[PDB]
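Residue numbers (full-length UniProt numbering), protein chains in the order written: chain P, 40 to 61; chain E, 40 to 61; chain Y, 40 to 61; chain B, 40 to 61.
Number of protein chains: 4
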Amino acid sequence: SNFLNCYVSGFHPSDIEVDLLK
Amino acid sequence: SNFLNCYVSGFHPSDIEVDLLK
Amino acid sequence: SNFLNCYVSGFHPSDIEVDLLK
Amino acid sequence: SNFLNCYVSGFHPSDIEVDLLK
């Protein structure tokens with residue numbers, strides 16, 4: 040349902056838990 | 040229904056919790 | 040009826056962000 | 040158009056996870 044995921048530039052550390060039912 | 044995940048740049052370690060359920 | 044997960048650098052050192060199960 | 044995982048970094052380390060439709 041209109042899934043728009045954009046990510047620019049990465050990294051080594053940090054924790055990102057992205058969760059989308061769609 | 041309509042979702043945009045705009046994430047850019049990094050940084051030191053941390054706890055990023057993102058959850059989209061609609 | 041439209042989620043816009045945005046984030047460009049910054050963020051404070053902790054465990055947060057934004058979550059909604061509804 | 041529905042699937043837009045615009046990714047540009049390759050950062051494999053850290054805690055990165057995307058729940059594409061669970």
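The beta-carbon is built from N, C-alpha and C at its ideal position, and this holds for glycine as well.
Checking 7 Å against the spacing of the C-beta atoms, do residue i and residue j come in under that value?
{"i": "residue 59 of chain E", "j": "residue 59 of chain P", "result": "yes"}
{"i": "residue 57 of chain E", "j": "residue 57 of chain P", "result": "yes"}
{"i": "residue 40 of chain E", "j": "residue 53 of chain Y", "result": "no"}
Could you check where the beta strand (DSSP E) with residue i kicks off and where it finishes?
{"i": "residue 44 of chain B", "result": "42-47"}
{"i": "residue 59 of chain E", "result": "54-59"}
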